[PDB]
>>> print(open('model18.txt').read())   # compact mmCIF, C-alpha atoms and all ligand atoms
# COMPACT_ATOMS: atom_id res chain seq x y z
CA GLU U 640 12.65 66.53 15.81
CA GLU U 641 15.13 65.81 13.01
CA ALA U 642 17.01 68.76 11.51
CA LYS U 643 15.30 70.27 8.50
CA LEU U 644 17.26 70.60 5.27
CA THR U 645 17.44 74.06 3.68
CA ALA U 646 20.30 74.02 1.21
CA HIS U 647 22.29 71.45 -0.73
CA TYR U 648 25.33 72.62 -2.65
CA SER U 649 26.35 69.39 -4.38
CA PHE U 650 28.37 70.64 -7.39
CA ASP U 651 26.95 67.52 -9.12
CA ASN U 652 25.99 69.61 -12.12
CA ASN U 653 29.35 71.38 -12.34
CA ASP U 654 27.88 74.61 -11.06
CA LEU U 655 27.48 76.40 -7.73
CA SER U 656 23.70 76.04 -7.55
CA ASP U 657 21.49 74.98 -4.64
CA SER U 658 19.66 71.83 -5.74
CA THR U 659 16.78 72.44 -3.33
CA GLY U 660 16.01 75.71 -5.14
CA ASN U 661 15.66 77.68 -1.90
CA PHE U 662 18.80 79.80 -2.24
CA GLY U 663 20.46 81.66 -5.06
CA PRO U 664 23.66 80.20 -6.46
CA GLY U 665 27.13 80.82 -5.04
CA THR U 666 29.64 83.27 -6.53
CA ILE U 667 33.40 82.88 -7.17
CA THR U 668 35.82 84.80 -4.96
CA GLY U 669 39.54 85.57 -5.08
CA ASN U 670 41.64 84.45 -2.14
CA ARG U 671 39.36 86.17 0.38
CA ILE U 672 35.61 86.27 1.03
CA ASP U 673 35.29 89.88 -0.10
CA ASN U 674 37.20 89.82 -3.39
CA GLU U 675 36.93 88.38 -6.90
CA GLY U 676 39.02 86.79 -9.64
CA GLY U 677 39.32 83.19 -8.51
CA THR U 678 38.69 79.83 -10.21
CA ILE U 679 36.58 76.74 -9.52
CA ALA U 680 37.05 73.48 -11.43
CA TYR U 681 35.11 70.20 -11.08
CA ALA U 682 36.60 66.76 -10.45
CA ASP U 683 35.28 63.38 -9.34
CA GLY U 684 34.20 63.72 -5.71
CA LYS U 685 32.70 61.73 -2.85
CA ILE U 686 29.28 61.94 -4.51
CA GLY U 687 29.21 62.80 -8.20
CA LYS U 688 31.24 65.86 -9.04
CA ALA U 689 32.96 67.84 -6.31
CA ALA U 690 34.27 71.42 -6.39
CA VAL U 691 38.00 72.04 -6.92
CA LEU U 692 39.70 74.85 -4.99
CA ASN U 693 43.20 75.77 -6.18
CA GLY U 694 44.44 77.65 -3.11
CA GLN U 695 43.61 81.17 -4.31
CA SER U 696 39.90 80.81 -4.82
CA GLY U 697 36.70 80.61 -2.84
CA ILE U 698 32.94 80.63 -3.19
CA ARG U 699 30.68 83.41 -1.92
CA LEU U 700 27.38 81.96 -0.76
CA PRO U 701 24.25 84.07 -0.40
CA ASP U 702 24.00 86.38 2.61
CA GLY U 703 21.71 85.08 5.35
CA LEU U 704 22.27 81.41 4.50
CA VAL U 705 22.18 80.74 8.25
CA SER U 706 20.10 83.23 10.21
CA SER U 707 18.86 81.32 13.24
CA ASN U 708 19.81 80.14 16.71
CA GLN U 709 19.15 76.52 15.70
CA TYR U 710 21.11 75.18 12.72
CA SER U 711 23.60 72.64 11.35
CA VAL U 712 26.23 72.27 8.61
CA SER U 713 27.41 69.11 6.82
CA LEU U 714 30.05 68.68 4.08
CA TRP U 715 32.82 66.49 2.68
CA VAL U 716 36.44 67.59 2.13
CA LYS U 717 39.55 66.14 0.52
CA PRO U 718 42.59 68.33 1.41
CA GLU U 719 45.51 68.62 -0.98
CA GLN U 720 47.27 70.69 1.65
CA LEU U 721 46.62 71.83 5.21
CA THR U 722 47.24 75.41 6.35
CA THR U 723 46.58 76.72 9.89
CA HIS U 724 43.37 78.78 10.48
CA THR U 725 42.17 78.14 6.90
CA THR U 726 38.40 77.72 6.77
CA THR U 727 36.02 75.38 5.09
CA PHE U 728 32.63 76.75 6.14
CA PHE U 729 32.58 80.44 7.16
CA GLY U 730 30.80 82.16 8.84
CA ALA U 731 30.59 85.90 9.62
CA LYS U 732 28.47 88.84 10.76
CA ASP U 733 31.62 90.96 10.53
CA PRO U 734 35.42 90.38 10.86
CA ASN U 735 35.10 90.35 14.69
CA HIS U 736 32.10 88.02 14.98
CA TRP U 737 32.47 84.79 13.02
CA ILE U 738 32.24 81.01 12.95
CA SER U 739 34.58 78.64 11.07
CA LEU U 740 34.93 74.90 10.54
CA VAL U 741 38.73 74.55 10.46
CA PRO U 742 40.58 71.34 9.36
CA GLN U 743 43.76 72.45 11.07
CA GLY U 744 43.23 75.01 13.81
CA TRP U 745 45.54 76.78 16.24
CA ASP U 746 46.13 73.56 18.20
CA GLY U 747 46.82 71.79 14.92
CA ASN U 748 43.61 69.79 15.18
CA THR U 749 40.24 69.99 13.45
CA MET U 750 38.07 72.52 15.24
CA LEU U 751 34.88 74.53 15.11
CA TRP U 752 36.25 78.00 15.68
CA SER U 753 34.48 81.18 16.62
CA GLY U 754 35.90 84.63 17.29
CA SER U 755 37.10 87.03 17.97
CA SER U 756 34.58 88.64 20.38
CA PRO U 757 34.63 86.36 22.20
CA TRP U 758 36.72 83.36 21.29
CA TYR U 759 35.22 79.91 21.23
CA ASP U 760 37.40 76.84 20.85
CA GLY U 761 35.51 73.83 19.53
CA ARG U 762 38.41 71.42 19.89
CA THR U 763 38.12 67.90 18.50
CA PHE U 764 41.68 66.85 19.37
CA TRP U 765 41.53 64.98 16.07
CA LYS U 766 43.80 65.55 13.10
CA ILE U 767 42.72 65.45 9.46
CA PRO U 768 44.65 63.70 6.62
CA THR U 769 45.45 65.14 3.18
CA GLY U 770 44.42 63.21 0.09
CA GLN U 771 41.56 61.43 1.85
CA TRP U 772 37.84 62.12 2.24
CA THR U 773 36.72 63.23 5.71
CA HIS U 774 33.11 63.95 6.70
CA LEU U 775 32.53 66.96 8.93
CA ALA U 776 29.30 68.04 10.61
CA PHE U 777 28.22 70.32 13.43
CA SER U 778 24.97 71.45 14.98
CA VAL U 779 23.97 74.58 16.91
CA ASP U 780 20.86 74.53 19.09
CA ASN U 781 20.51 77.70 21.14
CA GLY U 782 24.09 77.77 22.37
CA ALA U 783 24.30 73.98 22.42
CA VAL U 784 26.97 72.96 19.93
CA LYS U 785 28.44 69.59 18.84
CA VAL U 786 31.15 68.60 16.35
CA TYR U 787 31.32 65.36 14.34
CA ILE U 788 34.10 63.78 12.33
CA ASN U 789 33.23 60.88 10.06
CA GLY U 790 30.05 60.40 12.09
CA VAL U 791 31.93 60.33 15.38
CA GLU U 792 31.11 63.09 17.89
CA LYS U 793 34.35 64.71 19.08
CA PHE U 794 33.24 67.97 20.70
CA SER U 795 30.23 69.01 22.72
CA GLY U 796 29.60 72.16 24.70
CA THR U 797 27.32 75.10 25.43
CA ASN U 798 27.46 78.94 25.33
CA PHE U 799 28.15 79.10 21.57
CA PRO U 800 27.77 82.65 20.13
CA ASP U 801 24.45 83.48 18.46
CA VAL U 802 26.31 84.99 15.52
CA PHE U 803 23.51 84.78 12.98
CA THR U 804 20.18 85.53 14.64
CA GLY U 805 19.25 88.98 13.33
CA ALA U 806 22.17 89.36 10.94
CA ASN U 807 22.61 89.26 7.15
CA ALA U 808 25.95 87.51 7.53
CA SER U 809 28.53 86.61 4.89
CA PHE U 810 29.00 82.94 4.07
CA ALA U 811 31.72 81.29 2.02
CA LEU U 812 33.51 78.06 1.18
CA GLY U 813 37.28 77.90 1.38
CA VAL U 814 38.11 81.54 2.20
CA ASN U 815 37.76 84.16 4.91
CA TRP U 816 39.35 87.54 5.66
CA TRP U 817 42.83 86.55 6.82
CA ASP U 818 44.09 83.09 5.93
CA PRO U 819 45.20 80.88 3.05
CA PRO U 820 42.34 79.64 0.86
CA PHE U 821 41.51 75.98 1.24
CA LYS U 822 43.18 73.71 -1.31
CA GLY U 823 41.69 70.48 -2.57
CA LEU U 824 38.15 69.14 -2.85
CA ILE U 825 34.89 70.16 -1.16
CA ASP U 826 31.71 68.15 -1.85
CA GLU U 827 28.06 67.95 -0.76
CA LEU U 828 27.46 71.08 1.27
CA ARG U 829 24.20 70.82 3.21
CA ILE U 830 22.63 73.40 5.54
CA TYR U 831 19.96 72.60 8.15
CA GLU U 832 17.52 74.50 10.35
CA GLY U 833 17.55 72.75 13.71
CA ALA U 834 20.12 70.42 15.24
CA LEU U 835 20.99 67.20 13.34
CA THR U 836 20.07 64.09 15.29
CA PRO U 837 22.80 61.50 15.82
CA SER U 838 20.90 59.36 13.32
CA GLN U 839 20.96 61.95 10.51
CA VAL U 840 24.65 62.39 11.26
CA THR U 841 25.76 58.76 10.92
CA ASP U 842 23.63 58.66 7.78
CA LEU U 843 25.33 61.67 6.22
CA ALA U 844 28.80 60.38 7.16
CA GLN U 845 28.48 56.91 5.63
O1 LIG U 901 40.30 86.88 13.53
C1 LIG U 901 40.60 85.91 12.53
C2 LIG U 901 41.70 84.99 13.02
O2 LIG U 901 42.65 85.78 13.73
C3 LIG U 901 43.97 85.33 13.43
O3 LIG U 901 44.57 84.99 14.67
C4 LIG U 901 45.91 84.53 14.55
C5 LIG U 901 45.93 83.23 15.31
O4 LIG U 901 44.74 83.19 16.08
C6 LIG U 901 45.03 82.92 17.45
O5 LIG U 901 44.36 81.71 17.82
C7 LIG U 901 44.36 81.49 19.23
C8 LIG U 901 43.08 82.04 19.84
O6 LIG U 901 43.43 82.95 20.88
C9 LIG U 901 43.15 82.36 22.15
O7 LIG U 901 42.79 83.35 23.12
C10 LIG U 901 41.99 81.42 21.90
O8 LIG U 901 42.03 80.35 22.83
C11 LIG U 901 42.26 80.93 20.48
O9 LIG U 901 41.04 80.73 19.75
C12 LIG U 901 46.54 82.83 17.59
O10 LIG U 901 46.99 83.87 18.46
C13 LIG U 901 47.13 83.12 16.23
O11 LIG U 901 48.02 82.08 15.81
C14 LIG U 901 43.87 84.15 12.47
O12 LIG U 901 44.86 84.24 11.44
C15 LIG U 901 42.47 84.30 11.90
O13 LIG U 901 41.88 83.03 11.61
CA CA U 902 28.84 66.34 -5.57
>>> encode(input="model18.txt", output="structure tokens", more="lines below")
Ligand SMILES: OC[C@@H]1O[C@@H](OC[C@@H]2O[C@@H](OC[C@@H]3O[C@@H](O)[C@H](O)[C@H]3O)[C@H](O)[C@H]2O)[C@H](O)[C@H]1O
Ligand SMILES: [Ca+2]
Amino acid sequence: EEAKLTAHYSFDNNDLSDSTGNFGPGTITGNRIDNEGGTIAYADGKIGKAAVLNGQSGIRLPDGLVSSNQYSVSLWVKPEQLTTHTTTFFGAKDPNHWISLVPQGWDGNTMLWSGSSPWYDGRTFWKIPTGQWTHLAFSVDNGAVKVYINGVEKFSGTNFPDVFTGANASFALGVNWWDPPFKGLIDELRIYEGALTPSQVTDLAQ
């Protein structure tokens, strides 16, 4: 049972639209998820045109993008800088119940982070470079969670929080409620219902 695709934010057309047509387009935020006045440029990315994030800007995605107990997220990033706790994909029912794919987390490594009630540490023990393209993916199947870097599985575990089942949660690229906005390039955002097979993974990564 391969994971089913639901959303593809590719930026290929120099806009924040979902190419599958399922979801409304993304918005532009200021330096947090809940504010406005940012900027988004478009530069050559991993596939076609990628989104540029200047370190004070983000993208609001539509509420309820993920709303199940079985889901996955894939994307490419090219960091111009790294800042601790700063999100890529995020992630939140409210400020106390959130998920976050973090390039440099509290242990200084890439991690899938959830908090704060409770706290989940999805530690990869792997560190991301600036000025290079890294592929990141992760799947959630009823508490069963796995994290992939460049196609390589680095974290697995269980008892992941069901943050999204029953909630109209806020989703964003590059910003949250507390930390520096991501700076650099984000490309090819894809959302899935169901947990990506290893095969789909290695495909997406290469
Ligand atoms: O709630 C949003 C996040 O809170 C802020 O916390 C500051 C840093 O987060 C903590 O990370 C360590 C966590 O606490 C441990 O119990 C658990 O193992 C870890 O997940 C550190 O205390 C602070 O450096 C962040 O700014 C924001 O992302
Ligand atoms: Ca693209």
>>> residues_near_ligand(input="model18.txt", ligand="ligand LIG 901 (chain U)", cutoff="6 Å", atoms="all atoms listed in the file", output="count of residues only")
7
>>> closest_residue(input="model18.txt", among="U:824, U:784, U:690, U:834", to="residue 644 (chain U)", atoms="all atoms listed in the file")
U:834
>>> closest_residue(input="model18.txt", among="U:705, U:716, U:791, U:808", to="residue 831 (chain U)", atoms="all atoms listed in the file")
U:705
>>> closest_residue(input="model18.txt", among="U:827, U:780, U:675, U:733", to="residue 702 (chain U)", atoms="only C-alpha atoms")
U:733
>>> atom_distance(input="model18.txt", atom1="CA of residue 736 (chain U)", atom2="CA of residue 786 (chain U)")
19.5 Å
>>> closest_residue(input="model18.txt", among="U:816, U:710, U:715, U:752", to="ligand CA 902 (chain U)", atoms="all atoms listed in the file")
U:715
>>> closest_atom_pairs(input="model18.txt", of="chain U", to="ligand CA 902 (chain U)", cutoff="7 Å", atoms="all atoms listed in the file", output="tab-separated table")
residue	atom	partner	partner_atom	distance
U:649	CA	U:CA902	CA	4.1
U:650	CA	U:CA902	CA	4.7
U:651	CA	U:CA902	CA	4.2
U:684	CA	U:CA902	CA	6.0
U:685	CA	U:CA902	CA	6.6
U:686	CA	U:CA902	CA	4.5
U:687	CA	U:CA902	CA	4.4
U:688	CA	U:CA902	CA	4.2
U:689	CA	U:CA902	CA	4.4
U:826	CA	U:CA902	CA	5.0
U:827	CA	U:CA902	CA	5.1
>>> closest_residue(input="model18.txt", among="U:697, U:666, U:680, U:739", to="residue 652 (chain U)", atoms="all atoms listed in the file")
U:680
